[PDB]
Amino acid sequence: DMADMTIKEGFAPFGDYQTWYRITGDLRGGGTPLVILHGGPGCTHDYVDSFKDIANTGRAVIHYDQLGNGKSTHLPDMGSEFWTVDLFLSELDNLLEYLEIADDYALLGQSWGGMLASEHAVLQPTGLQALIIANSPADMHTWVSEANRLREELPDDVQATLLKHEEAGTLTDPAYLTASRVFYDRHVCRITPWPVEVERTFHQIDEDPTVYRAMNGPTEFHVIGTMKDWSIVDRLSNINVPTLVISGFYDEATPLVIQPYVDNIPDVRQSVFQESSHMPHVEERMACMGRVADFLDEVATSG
């Protein structure tokens, strides 16, 4: 159990850049290590910190900050053309080989992280043992369509504020950003005030929004960046590992948003957290870690 309480941190060189990572638990004596892929794109590991809990079940948990934010290399001079799915797929492959876990690993992807994990898994990598897709879309048009449906349930002045600034392009106006937080408090994180580790991620986006603005947009629901037309639906059937899909009752990743993962991955099961929105890992932490840990014990390798 002492081995399960180990922490190590480092940088994986990635081209001229640095990928920060953290390893919690027993990397070599434990079971299949679990790599946590944060969302955004352009978020950080901080708001998905809570998955370190899985280390107490006897496998290591690997966090890392994707290139462009957090403790990894920042590149604010890079625009929409640099920040691509292929860039982050390459960074993930680089980290896996650097830690020498590419023969035996599992991925948990949260929101964008699940999109990225699915892009990785539809290539059928041989060392992948298991996939968790948490609060993710399979088609960005569905994400926005369902976001719009949820926006029609916001207070009328709030939706009016959002539309006015989206039509004018004043996407940094405090009125727009505070109107946005009404949606977030319903469908992104219902813990109020936010856990500090969730705040740490959102503060880092505010400090350097380069990636999130390029690939996503100004807010979770106003997706105008380069991911706005993304879809993996038709390729999902290529995923050849056991997959777990989790989501929250109040999730901006509504049942329709996540449904293609359930419908198209051959070996899939689903769990729902009724008191959660987009972040069951902090909204219903005990239940969420227990389900992920049990799933990995069932399908991956143990020690």
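All residue numbers refer to positions in the sequence shown, first residue = 1.
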Stretch with the higher entry mean CA B-factor, where the candidates are 58-66 and 26-34: 26-34
Which of 136-144 and 72-80 has higher mean CA B factor, as the PDB entry lists it: 72-80
When the CA B-factors of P209, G109, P195, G127 are compared as recorded in the entry, which is the largest? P195
Highest Cα B-factor in the PDB entry belongs to which of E220, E166, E91, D104? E166
Entry-reported Cα temperature factor of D294, expressed as the chain third it lands in: middle
By the entry's values, the third containing the CA B factor of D234 is the highest
Third assignment of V268 from its chain's C-alpha B-factors: highest
Which third of the chain holds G248 when residues are ordered by C-alpha B factor: lowest, middle or highest? lowest
Within-chain third of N216 by Cα B-factor, per the entry: middle
